[PDB]
Structure formats: structure tokens, C-alpha cells
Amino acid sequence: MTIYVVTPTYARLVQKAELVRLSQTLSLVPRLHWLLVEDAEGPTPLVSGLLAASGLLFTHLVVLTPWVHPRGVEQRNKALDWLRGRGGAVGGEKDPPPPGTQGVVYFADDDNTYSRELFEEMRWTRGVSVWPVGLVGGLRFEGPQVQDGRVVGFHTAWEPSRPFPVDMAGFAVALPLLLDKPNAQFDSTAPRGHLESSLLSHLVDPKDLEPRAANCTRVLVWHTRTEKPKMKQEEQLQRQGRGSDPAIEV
């Protein structure tokens, strides 16, 4: 089955480094379609070039981000729109799969770490599948508790009230189910930490989640974050007109 990976991304110092490791990870996975959505006003040459050189099956999308500061909400919904035939492709495969097509959708942020094994775990998803996520929610790992092959609770701690106390990287959704539920999307007005539940609540009930990763006993994905690079020297050299050559992409 084909896996459609939804990844929002925005320009910043570490952007290319993040897309390089994510695209290189994805090149190790067969039958995978990358839906990269840029948080810009139009496509950027940095992303367009990386996609073209990646050698992956991809569709390039773009949508600008308009209190709770949720991130990548609009970009994730744009990919859902494209999948539901509302267009929006600025590059790559312009046409989305038609109804009846078997597939699984995974929302993969550009900074997390993904093992190649994780993708084979989600390839078998009928509705909504789940697995533990490492280093997230202030825990060593957060994840569903499984008994008799069924989800019977959650190992979590922060905002335990969440109907689905799981990170974006801890679940995948069957394509048919998303097309079958046109209203299912992420709610930008949802409280902090309730973004995942805003989508999932429209798709299934916690009891019906499909445990993957050896009945949720293996951590195959990590919610890593990259340190903001120090630019003190760059600033001094710039004030002296000797900044790093801008013609050299980083």
C-alpha cells in the first residue's frame, strides 16, 4: 500500500538540513509519496530544488500561515484538500489518488526522527493506527497501552484529559477513511495540545485504534527538535560587510 507523508515546512536557518535528512530517510521507503507543504506565499527555489534532486515521488504544495500558536495546521489541511481533489499542487504529481485507492496518510513534521521500520508498521492501517513516540510530552516515551491486541488506555501525563493523548507522529490514517470523512481536518482554534484530537475525534474512537509496533512495545519514532544555531559571528561579519556568501545555499 502507498504511504502519503504530509510534511509542513518553513524557511529558517536549519530548514535545508532538516529536509535533507527527512528526504534521505524517505528514499529508503518503497511506495511512498511525499506531500511537502511550504509555509510561504509561493514556492521557494530551495525547496523546489531539493525535491527535484531527491529522487522521491512527491507533490509540492504551498500555503501561508495566517493566543495559541499551533504550528503547521494550515499546511497540513492544504495537503488534505489536495488529497480530497481540491487541487493546489504547485509541482510534482499534480493529481491526487482517486476514490477507492488504498493508502495510508502520515503527518510527519520536518524535525522528528523516523526509523525506516516505522513506515512498514503503518502500511497496514484499516482506520487509524498508533504506536509509541519517544521523547515527547515531557516523557521518555508516550504511547497507547495494549491488552489483548487492543488499546485499553494511554501511557501519558501532560493534559491527560485529551481524548487522544498522542503526538502527531504517533498515528496514521487510512486514505479511504479520510475521503469518507470530508469534515475531518485539524482545528487551528483547538487548545494547545489538542490539535491531534481535533482530527482523530472525527475519524474514530480510542478503543478502535489499531496497535502497531509489536503491540506498542517498540519506539520507532522520536520527537526530536533541533537547536537554533548561534549566529553571533555572522552578525559581526555582516556589520563589517564580510558575511557568509549568500550565493551559497545553507
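All residue numbers are counted from 1 along the displayed sequence.
Task: Sequence continuity check, residue 45 and residue 46 (deposited residues unmodelled) - done: Missing residues, residue 45 to residue 46: none.
Task: 219-227 set against 182-190, stretch whose average Cα temperature factor tops the other in the entry - done: The stretch with the larger average C-alpha B-factor is 182-190.
Task: Which of 154-162 and 129-137 has higher mean CA B factor, as the PDB entry lists it - done: Comparing 129-137 with 154-162, the higher average CA B-factor belongs to 154-162.
Task: Selection by C-alpha B-factor (highest) of 117, 167, 148, 109 - done: Largest recorded C-alpha B-factor: 148.
Open item on the list: Based on the deposited C-alpha B factors for this chain, I'd like to know if residue 82 is in the lowest, middle or highest third.
Closed with: Middle third by C-alpha B-factor.
Task: Chain-wide C-alpha B factor ranking for residue 1, given as lowest, middle or highest third - done: Highest third of the chain for residue 1's C-alpha B-factor.
Task: CA B-factor ranking of residue 99, expressed as a third of its chain - done: For residue 99, whose C-alpha B-factor we compare with every modelled residue in the chain, the answer is the highest third.
Task: Assigned third (lowest, middle, highest) for the C-alpha B factor of residue 90 - done: Highest third of the chain for residue 90's C-alpha B-factor.
Open item on the list: Is residue 11 in the lowest, middle or highest third of its chain when residues are ranked by C-alpha B-factor?
Closed with: Middle third of the chain for residue 11's C-alpha B-factor.
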